[PDB]
């Protein structure tokens, strides 16, 4: 990293390795190496992390694959709607559903100011025509499970997991917890 100092840092709410790397001008993957983190997406609330501060040589790329912006304008299979929870924005939610902000706004012309949405407000999620998820069912959380990783493994999206578990905070999952998990969501025909 060719850093000049290290801070020992307590992980707080909202943190990702991306936001921590930015705060301290470190690299995501430098923090992964130094702390022998098994999964770059998983850092625990209240854990301590040694952070190389002010790196000349930040490695933010070798260990993660950060997706391009969403380009699709619909989500395969489900759901018809999503309910807004604390901290959601339409930008946030369209990214989770892997669609453009634009497509989510277009599906929701009842919203006038796209920046003023209310906890408890229901929005339309634009579902691709002729599409489906192959199985939707119970899953028990195991140690280190995250919505972000479960989406990739089961070929669904963060948003679709959130919609099926709309009152579950992804940051407060417990080993053994039952969530509802959609699988293999795709266009059909």
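Positions refer to the first chain, counted from 1.
Of the two stretches examined, 123-131 and 51-59, the record assigns the greater average C-alpha temperature factor to 51-59. Note on 28-36 vs 153-161: mean CA B-factor is higher in 28-36. Of all the options 43, 136, 68, 148, the entry's greatest CA B-factor is assigned to 68. Among all modelled residues in its chain, residue 113 ranks in the highest third by Cα B-factor. Looking at the C-alpha B-factors along this chain, the one for residue 11 belongs to the middle third. Per the PDB record, residue ranking by Cα B-factor puts residue 17 in the middle third of the chain.
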